[PDB]
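FYI the Cβ positions are ideal-geometry reconstructions off the backbone, even for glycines, and counts take in every protein chain you see. No lab work stands behind these numbers, since they all come straight from the coordinates.
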2 protein chains.
Amino acid sequence: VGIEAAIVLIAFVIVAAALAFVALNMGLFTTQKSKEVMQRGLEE
Amino acid sequence: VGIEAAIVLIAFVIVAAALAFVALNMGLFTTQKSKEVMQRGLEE
């Protein structure tokens with residue numbers, strides 16, 4: 001009974017880790033691009 | 001919210017500077033020409 005619950009837990013944790021990786025990567029990229037675009041606006 | 005307000009402020013200040021430059025330049029020129037024309041009138 002416990003073993004399958006542990007397997008499901010492992011799967012759900014692994015899914016969450018991938019979501020976190022994607023979220024941080026894209027958030028950092030979009031923050032950098034926002035910095036660049038507002039810098040360009042100030043230049044303009 | 002602040003950043004676009006700052007950009008608009010910069011633009012409006014820059015416009016005012018150009019207006020001031022034009023105003024002083026033409027005012028000095030017209031004062032000089034008025035001096036010259038009244039001097040010529042006194043000569044006449």
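Alpha carbon centre of region B:1-43 versus chain A: separation in Å?
54 Å
Among B:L42, B:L28, rank each residue by its count of other Cβ atoms within 10 Å, from fewest to most, as a rough exposure measure.
Starting with the residue having the fewest Cβ neighbours, the order is B:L42, B:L28.
Let me know the volume per residue of the alpha-carbon convex hull for the protein assembly as shown, in Å³.
In the protein assembly as shown, the Cα convex hull volume per residue is 65 Å³.
About the Cα centre of the protein assembly as shown, what is the dipole size in debye to 20, counting +1 per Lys and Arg Cβ and -1 per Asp and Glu Cβ, all else neutral? Mind showing how you got there, number by number?
Numbers: 6 positive and 8 negative charges, 17 e Å.
Its charge dipole is roughly 80 debye.
Tabulate in residue order the Karplus-calculated ³J(HN,Hα) for region B:20-26, using 6.51 cos²θ - 1.76 cosθ + 1.60 with θ = phi - 60°, rounded to whole Hz; enter x for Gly and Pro.
So the Karplus estimates, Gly and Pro as x, are 5, 4, 4, 4, 4, 4, 5 Hz.
When you look at the Cβ of every residue in B:15-25, what mean number of other chain Cβ atoms sits within 10 Å?
Shielding by partners across B:15-25 averages 0.
On the principal axes of its Cα set, how long, how wide and how thick is chain B? Give whole Å, largest value first.
Dimensions of chain B along the principal axes of its Cα atoms: 65, 7, 5 Å.
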